[PDB]
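Given next, in structure tokens, is a single chain: the form solved without the ligand.
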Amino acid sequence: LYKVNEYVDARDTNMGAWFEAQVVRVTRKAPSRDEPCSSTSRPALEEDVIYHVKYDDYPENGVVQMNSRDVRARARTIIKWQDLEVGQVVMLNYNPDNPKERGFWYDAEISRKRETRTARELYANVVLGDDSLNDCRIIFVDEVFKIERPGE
């Protein structure tokens, strides 16, 4: 999963944006006796631990603590128009303030694919850290990324 010195991406729940991030340390908090400060479950499973990741773009932050749910391995496979499938989750750049400009790596699923005599249009659903934008059109189709998972 996420080991020290591993290359994984971290997402900011407040903005729902994904950016390159590196793993610096992995740790977990346990209860003093029988009154845990506030954890979903006692430490024991790899998912029951806390991971420390830093943002390469903004390393000044220092050390950030994030759960595995918000941390995912960096994509390693690029999907081309010919390799685009429906129902697959991919990462693309979406800018809610100015969709016609550059956006941050926002997760989204392929909704529908459309081709024209000399133009291509792709439809995908975009989800923000809290707001939803399903049924949205993707201006950039060449920028498509696949998400990798541990498989369990």
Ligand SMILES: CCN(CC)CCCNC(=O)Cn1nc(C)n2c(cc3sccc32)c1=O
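Residue indices: 1-based, along the sequence shown.
Missing here is the form deposited with the ligand bound; even so, the following discussion is about that form.
The pocket of the unliganded chain is judged open, since the ligand, transferred from its pose in the deposited bound form by superposition of the C-alphas around the site, places no atom within 2.4 angstroms of any backbone or C-beta atom. In the deposited bound form, no heavy atom of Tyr123 sits within 4.5 Å of the ligand. Taking the partner from elsewhere, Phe140 is found to have every heavy atom lying beyond 4.5 Å of the ligand in the deposited bound form. Taking non-hydrogen atoms only, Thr116 never approaches the ligand to within 4.5 angstroms in the deposited bound form. Though the partner is left out of this view, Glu85 does not reach within 4.5 Å of the ligand in the deposited bound form, counting heavy atoms only.
For the candidate spot formed by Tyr2, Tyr7 and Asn67, no residue has a non-hydrogen atom within 4.5 angstroms of the ligand in the deposited bound form. If you take 82-115 and check each residue for a heavy atom within 4.5 Å of the ligand in the deposited bound form, you get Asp97, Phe104, in sequence order.
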